[PDB]
Each structure stands twice: as C-alpha cells, then as structure tokens.
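Residue numbers (the authors' numbering), protein chains in the order written: chain A, -7 to 199; chain B, 0 to 199.
Cβ coordinates follow ideal geometry from the N, Cα and C atoms, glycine included.
These notes are about the structure you will find just below.
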Amino acid sequence: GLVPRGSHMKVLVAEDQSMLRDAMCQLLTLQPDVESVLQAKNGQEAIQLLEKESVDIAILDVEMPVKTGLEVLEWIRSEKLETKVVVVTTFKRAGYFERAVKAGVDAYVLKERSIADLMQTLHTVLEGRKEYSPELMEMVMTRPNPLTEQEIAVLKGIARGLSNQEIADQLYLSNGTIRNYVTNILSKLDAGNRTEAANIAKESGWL
Amino acid sequence: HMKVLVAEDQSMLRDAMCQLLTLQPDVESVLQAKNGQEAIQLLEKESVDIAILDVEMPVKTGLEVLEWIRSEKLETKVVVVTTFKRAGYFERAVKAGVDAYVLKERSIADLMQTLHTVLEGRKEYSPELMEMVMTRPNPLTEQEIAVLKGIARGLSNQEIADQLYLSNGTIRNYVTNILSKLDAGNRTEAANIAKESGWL
Ligand code: BEF
Ligand code: BEF
Ligand SMILES: [Mg+2]
Ligand SMILES: [Mg+2]
C-alpha cells in the first residue's frame, strides 16, 4: 500500500475546534514533507472537498457537526478513493475505534499525541502501514469473562471427559438444558467442538 | 519581546499552540504547562509577560491560576482560552481581573492580536459571552411595569390604584418592591430607570 509521495503529501484536515484546526494546518503546511493542506470544519465540508479534489491523506476528527469523521471515513471507502485515513480524536471510546477499524481506517490516534507523533502517523500510513492507539488496543483486547456460572460448571464438566448426560446429572439439569449451554458456549468462544471450547476457556483463564 | 506561558491539558493543542507562538516574530519564548499546578510552579521561578490559560485542567484550573497570579501581584497579563461557554467561568474570570477571555472558536491570528491588545493595557472579552451575560429577562412583573408606566405619566398612587382596580395599599407595596428591585430612591427615579433600561 505504499504511496511514494511522502516528500510532498497532499492532506486534508477535518476538525471542528477552530483554534486546533488552524494551529494543526499551519504547522503541517510548514513541514518539508507536506505540499498542501485542505481544511474542513465539519464532515459535510470534508466530503464536499473530497468530491472536487484528490488528497493522499484525510485526517479526521470524530465529533463534528453534520457528519462525523467516522461517517466521512465510511464515505471515502465507499467511494474507493486512493486516500489513507487517520482519525484524530479526544475520545477513548472502544466503539468508535471498532467502527473505524471495520471501515479499514489506517490510523486511529488520541489528541494526547503530539504534532510529531502525528507526522510520524502520516508517514506510517502513507508507506502502507497501520497505527492504532495502543491505549485503545489494550482497552479492546481485554474482555470480561463471557461465561455464566452455569456454563463455567458445564465446561469444568467437559474438561473431565464427561458426557452431556453426566453433566446434566451433576448439575441437576436436563440433558436438553446442557445441550443448549454447550451450543451457547461454542458461540461465545468461537470453538468448533466441545473439547475445543474447554481448552480455550482454560487457556483464557475463565474456569 | 513577548515572554509567554501556555497552560493547556490537551497535548496536541498545547504542542501546536506552543510551536506556533514560538514561531511568531514578537514572541521571544514560550513556557509550557499541561496543568495549573505546573503553570504556578513555572510562574514562581520565571518571569512572564503573558500567561495564556485553559480553564479545565487537572489539579488547578486556569481560573485558580489566574487568582494566584493576581494575589501574588505578578506583572503578568492573563488571557484565558477555553472551549467552554459557561457564564460562571467568564464572570469569575472578569471578577478576578482577567485581561482577555476568548473561545477556542477563535483563530491563532485572533489570539496573537489579543496578546498585543492586553500588553497595551486594553481588555478583550469574548463578544459572544458578553452578549450572553448582558442578556437578562425583564426584572419587572407585568404589574410592576403597569405601575411604572403610570408613574411616568405623572399619576399619583391613588390614580394608579383606580386605573388598575387595586387598593392604593397594593400600589404602595408595588412601589416599595420596585424601589428595592431597581435601587431607586423614589418613584419618579424608578420610572426613569425602568424606561431607559428598556423595561417599559
Ligand atoms: F471532536 Be473529537 F476530538 F472527535
Ligand atoms: F479545557 Be477547556 F478549554 F477550559
Ligand atoms: Mg470535534
Ligand atoms: Mg482543558
């Protein structure tokens, strides 16, 4: 995915806080590696701009009037533009990050970063790489135990080679109830069979 | 020329502001703080011409830093720069003798101009917040207004009473209430104040 324009990159900055937008764009414009900087105060303006000219990188705030940066991202991808996308946001919201990634954002970074981190992100994405806020990564790779107390009992049962019927007797439940729980457990753990689910749940520290 | 301090807890904005101020021909140096506690520590050991202060920051807000500056009687002009349009923040800053109070809706060139404005001994108050604060509801009741319109026409209390179908004692009660509401020493003066304040 390397785009060989890193010595003269055309970028767009969409950001609704005027003072920040102004200061970002002035400093980007000053960089030897930046050729030009388009400026947008909200998502609708970003999209109108992108309808009328090409940029190498769209740098996008999330919370903006009219259209958010996530909506602009989703629009750039539906248009198959030859444009990298970097989301730059205050919000450490796991859901925003997930949405961005599903629409193939190239970077997602927090306004806890500096302008130097930002320049580094720009080069990273323009050389075809990805950069994800470590802090958001961490947030999302940490999951609660998804298993109910029953399902945990079932899985312990499974871990001893017990049949569904044997587990039903132990837990004082019907065989059909155990079968449900098993089916349910394969879904929550994306395991293929009952023995797979058991080691995934053990390996993940959930028993 | 200008020795400035910037206190701002959003790292990207702080960094961007500081780098740009530093680039200005008539800024000599820029001190950097990410919270009001750091701002005060810097101000304790270093002299500064202007301190540019975010309101909401960790530990100490720009409003507390402002107050500290003033209590210390520092020869430092203070410019607050904030996202927030909360009237209490604005009113608290003016009462503390802030020199400017502007919104992050303004540009860097706006900010530069503000810096020169305050070093000239002038003030710069967000037009939008000024108008918000200066806009209140009529402090008079519909009945109090009727009495005052009556006073302006030269009517006596009894004449106003008979016009409004009320006892002259009720009218006296209104008048007593109006004089206190408007800080007027007499009825004719209360009427003059209400009319010219645009409340009649
Ligand atoms: F408006 Be935010 F920084 F997404
Ligand atoms: F943090 Be705010 F802009 F006072
Ligand atoms: Mg925003
Ligand atoms: Mg703040």
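| Check | Outcome |
| --- | --- |
| Residues that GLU104(B) contacts on chain A, provided the C-beta gap is smaller than 7 Å | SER10 |
| Chain-ordered neighbours of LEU19(B) on chain A, where CB pairs are closer than 8 Å | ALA15, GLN18, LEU19 |
| Cross-strand partners of residue 272(A) (DSSP beta bridge) | The question about residue 272(A) has no answer here: the residues shown for chain A are numbered -7 through 199. |
| Nearest to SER155(B) (by Cα), restricted to the options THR187(B), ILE68(B), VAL101(B), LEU30(B) | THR187(B) |
| Any C-beta of chain A under 8 Å from that of residue 240(B) | Residue 240(B) is absent from the structure shown; chain B starts at 0 and stops at 199. |
| Residue-chain proximity (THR82(B), chain A), Cβ-Cβ < 8 Å | yes |
| Exposure label - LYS94(A); buried when at least 16 CB within 10 Å | exposed |
| Collapsed DSSP secondary structure at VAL58(B) in the structure displayed | coil |
| Presumed contact (8 Å Cβ cut-off) between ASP8(B) and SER106(A), rounded CB distance | Between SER106(A) and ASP8(B) the Cβ distance is about 14 Å, and since that is not below 8 Å, they are no contact. |
| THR81(B) Cβ short of 7 Å to ligand 1 heavy atom set | no |
| Candidates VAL146(B), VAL26(B), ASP53(B), of which the one nearest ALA32(B) by Cα | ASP53(B) |
| Residues bridged to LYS76(A) (per DSSP) | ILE49(A) |
| The stretch 23 to 38 of chain A in contact with the stretch 155 to 165 of chain A per 3-pair CB rule at 8 Å | no |
| Extent of the continuous alpha helix (DSSP H) to which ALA183(B) belongs | Taken as a continuous stretch (DSSP letters only), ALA183(B) belongs to no alpha helix (DSSP H), as it is neither H nor E. |
| beta-carbon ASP53(A) near ligand 3 non-hydrogen atom, thresh 7 Å | yes |
| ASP8(B) beta carbon near ligand 4 (any heavy atom closer than 7 Å) | yes |
| C-beta contact flag for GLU127(A) and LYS84(A) at 8 Å | yes |
| Per DSSP, cross-strand counterpart(s) of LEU102(B) | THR81(B) |
| Check whether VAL79(A) and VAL117(A) have beta carbons under 8 Å apart | no |
| Per-residue DSSP class, three states only, for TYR88(A) | helix |
| C-beta contact flag for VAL47(B) and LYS2(B) at 8 Å | yes |
| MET16(A) beta carbon near ligand 3 (any heavy atom closer than 7 Å) | no |
| Buried/exposed call for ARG91(B), threshold 16 Cβ in 10 Å | buried |
| Minimum C-alpha distance to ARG135(B) - residue among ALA86(B), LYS76(B), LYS122(B), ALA189(B) | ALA86(B) |
| Local conformation of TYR173(A) per DSSP, three classes | helix |
| Identity of the residue in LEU139(B), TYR88(B), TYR100(B), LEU73(B) nearest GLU123(B) by Cα | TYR100(B) |
| Strand pairing of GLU123(B), partner residues [DSSP] | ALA99(B) |
| Contact test: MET11(A) Cβ vs ligand 4 heavy atom, cutoff 7 Å | no |
| Separation of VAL97(B) from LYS44(B), as counted between CA atoms | 22 Å |
| Collapsed DSSP secondary structure at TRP67(A) in the structure displayed | helix |
| Proximal residues to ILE39(B) (C-beta, below 7 Å), its chain only, five neighbours per side dropped | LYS59, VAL64, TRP67 |
| Same chain, Cβ closer than 8 Å to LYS148(A), five either side skipped, listed in chain order | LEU199 |
| Length of the line joining the Cα atoms of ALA151(B) and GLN23(B) | 58 Å |
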